[PDB]
Amino acid sequence: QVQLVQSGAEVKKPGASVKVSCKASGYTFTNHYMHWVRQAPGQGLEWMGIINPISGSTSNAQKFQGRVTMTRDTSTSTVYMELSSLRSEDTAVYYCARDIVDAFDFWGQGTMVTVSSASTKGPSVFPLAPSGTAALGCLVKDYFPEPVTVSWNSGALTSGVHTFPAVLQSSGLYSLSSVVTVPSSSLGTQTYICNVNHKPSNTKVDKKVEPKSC
Amino acid sequence: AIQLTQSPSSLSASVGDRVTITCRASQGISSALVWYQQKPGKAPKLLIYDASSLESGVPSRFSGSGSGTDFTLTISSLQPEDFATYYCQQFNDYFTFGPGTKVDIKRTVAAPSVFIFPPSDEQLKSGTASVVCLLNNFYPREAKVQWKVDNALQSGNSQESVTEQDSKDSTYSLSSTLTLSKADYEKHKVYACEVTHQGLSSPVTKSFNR
């Protein structure tokens, strides 16, 4: 019945700082070192450092020297990770984890930190026009922050849909595609509309996708 | 500095299979080796520590063995909840992790169905061109997309995204997006995506002429 509860997702500009919290409950806080580990989207795990809850003594990976500050508050059984001068490379899920001396046995739920020069922006939606079975889709380009939702035909079309995970572009904006496979014989008559919603920018786009006329 | 490697990078398995995955250290680490399981969107979960001690609450089908530079994790008879990525970790001195082994649901090889999409006129009016290549409903996950523009290999200007394995047919799909400036797009004629996969005897090309 141990729980490590972390603070919510953060969106930050390059050069800014972020402070992530990790509140421990269900055990004696001072009995265990606490560590921080991060994981870039789709990638592996990277240790950041360790803090002693009794003394506050801390060490970190050399990569983070001068940029990471780890602190603890025994009154609230909370540990903090502050990472300053953020850059794109810091975009990751950050986890706190409890040391058991041979392992990490409980981890927080993670905190996503997104570092981007971008600000709130709704997407542009472009057709992936159909060239048996045909593929068509919508390219949902240049929005920030996550998430967008995509449905087809207002939710009436679900079979054969694949909505891909978003990718963060070098511009700091996200992009993703949603595709569906349908019968070629349906292309003349059945309307296919992708419904894109980006709540952070209050942007709703309903894009009809049709064969390109030549 | 200690580096951990893991093999295989990906393993196809079925319910009921005995599964063994391996972790190797660049120098001796001497029993201080941990195994974690991770599922999408969740934190890692502890399975084994001291390279052979099964943590309480973890099912007995899991076990680990090893010392020095070589370690294994075995699942004696895989169950549906065991499809996941597995990481090893040295529990000493930078606490480094191996790169993970994903265990996914085996099915027969399925070659991708490949589709290419030119940029829309609407997008081109704004100054950028996205060319999309879709690899649909394939298995195993390993696949390679190469972009060629007027027969020249493209590097540094594409990004890939992959779905999670489909619960109904056990396949993956993948999108690759090539980004060019409008001027660069208009300078060239032949746009090709070339796909390699276990199910293909040789690379398959889908292309269009701008």
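Numbers and lists here come from the model and the stated rules, or from a named source; no laboratory read-out is quoted. FYI the Cβ positions are ideal-geometry reconstructions off the backbone, even for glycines, and counts take in every protein chain you see.
May I ask you to list the residues in the stretch B:187-208 that are more than 15 Å from B:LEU174 (Cβ to Cβ) and among the small types (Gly, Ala, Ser)?
B:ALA192, B:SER201, B:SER202, B:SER207
Mind checking whether some residue in the stretch A:8-23 is surrounded by fewer than 19 Cβ atoms within 10 Å (Cβ to Cβ), part of a loop (DSSP other than H, G, I, E, B), away from chain B (no Cβ under 14 Å) and among the charged types (D, E, K, R)?
Yes, the stretch A:8-23 contains a residue that is surrounded by fewer than 19 Cβ atoms within 10 Å (Cβ to Cβ), part of a loop (DSSP other than H, G, I, E, B), away from chain B (no Cβ under 14 Å) and among the charged types (D, E, K, R).
If you check B:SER60, B:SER76, B:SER65, B:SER10, which single one turns out to be under 21 Å from the mean Cα position of the chain (by Cα) and more than 20 Å from B:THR96 (Cβ to Cβ)? Don't jump to the end; show me each part of the working.
Details: B:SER60 fails: under 21 Å from the mean Cα position of the chain (by Cα); B:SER76 fails: under 21 Å from the mean Cα position of the chain (by Cα); B:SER65 fails: under 21 Å from the mean Cα position of the chain (by Cα).
None of the others qualify; the one that does is B:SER10.
Which of the numbered conditions does B:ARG107 fail, given that it passes all the others? Conditions: (1) away from every other protein chain (no Cβ under 14 Å); (2) within 30 Å of A:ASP99 (Cα to Cα).
It fails just one condition, (2).
Residues of the stretch B:150-175 being more than 10 Å from chain A (Cβ to nearest Cβ) and closer than 19 Å to A:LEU128 by Cα, which ones?
Let us first name the residues in the stretch B:150-175 that are more than 10 Å from chain A (Cβ to nearest Cβ), namely B:150-155, B:158, B:165, B:167, B:169-170.
Within the stretch B:150-175, B:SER158 is the sole residue that qualifies.
Which numbered condition trips up B:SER126, out of (1) in a loop (DSSP other than H, G, I, E, B); (2) farther than 30 Å from B:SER207 by Cα; (3) polar (S, T, N, Q)?
It is condition (2) that B:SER126 fails.
Which ones in the stretch B:70-82 are surrounded by fewer than 16 Cβ atoms within 10 Å (Cβ to Cβ) and assigned to a loop (DSSP other than H, G, I, E, B)?
Residues satisfying the conditions are B:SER76, B:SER77, B:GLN79.
On the given criteria, is B:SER65 in contact with a strand residue (DSSP E or B) (Cβ under 6 Å, 6 or more places away or on another chain) and over 26 Å from A:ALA40 (Cα atoms)? Don't jump to the end; show me each part of the working.
Working: in contact with a strand residue (DSSP E or B) (Cβ under 6 Å, 6 or more places away or on another chain): yes; over 26 Å from A:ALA40 (Cα atoms): yes.
So B:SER65 passes the test.
Output yes when any residue across the stretch B:182-195 is hydroxyl-bearing (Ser, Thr, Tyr), surrounded by 20 or more Cβ atoms within 10 Å (Cβ to Cβ) and outside the structural domain of B:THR69 (by CATH), and no when none is.
In the first step, residues of the stretch B:182-195 are kept if they are hydroxyl-bearing (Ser, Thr, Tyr); the result is B:185, B:191.
Those still in the list that are surrounded by 20 or more Cβ atoms within 10 Å (Cβ to Cβ) too: B:185, B:191.
With outside the structural domain of B:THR69 (by CATH) added as a condition, the list becomes B:185, B:191.
Checked the stretch B:182-195: at least one residue is hydroxyl-bearing (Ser, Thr, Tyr), surrounded by 20 or more Cβ atoms within 10 Å (Cβ to Cβ) and outside the structural domain of B:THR69 (by CATH).
Can you work out which of the residues in the stretch A:150-181 that are part of a strand (DSSP E or B) and surrounded by fewer than 19 Cβ atoms within 10 Å (Cβ to Cβ) is nearest to the other protein chains (Cβ to nearest Cβ)?
Going residue by residue through the stretch A:150-181, those that are part of a strand (DSSP E or B) are A:150-152, A:157, A:161-163, A:167-168, A:174-181.
Filter once more, keeping what is surrounded by fewer than 19 Cβ atoms within 10 Å (Cβ to Cβ): A:151, A:157, A:161, A:167.
Details: A:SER151: 16, A:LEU157: 16, A:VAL161: 10, A:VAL167: 5 Å.
For the stretch A:150-181, the residue satisfying everything is A:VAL167.
Is one or more of the residues making up the stretch B:124-132 among the small types (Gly, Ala, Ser), within 14 Å of chain A (Cβ to nearest Cβ), surrounded by 14 or more Cβ atoms within 10 Å (Cβ to Cβ) and at positive phi?
No, because not a single residue in the stretch B:124-132 is among the small types (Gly, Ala, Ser), within 14 Å of chain A (Cβ to nearest Cβ), surrounded by 14 or more Cβ atoms within 10 Å (Cβ to Cβ) and at positive phi.
Give me the pairs, please: first residue somewhere in the stretch A:22-51 and closer than 14 Å to A:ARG98 by Cβ, second residue anywhere and surrounded by 15 or more Cβ atoms within 10 Å (Cβ to Cβ) and among the basic types (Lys, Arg), beta-carbon distance under 7 Å, and either six or more positions apart or on two chains.
A:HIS32/A:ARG98; A:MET34/A:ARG98; A:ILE51/A:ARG72
Need the failing condition index for A:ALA135 against (1) part of a strand (DSSP E or B); (2) more than 7 Å from chain B (Cβ to nearest Cβ); (3) in contact with a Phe, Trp or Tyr (Cβ under 7 Å, 6 or more places away or on another chain), just the number.
(2)
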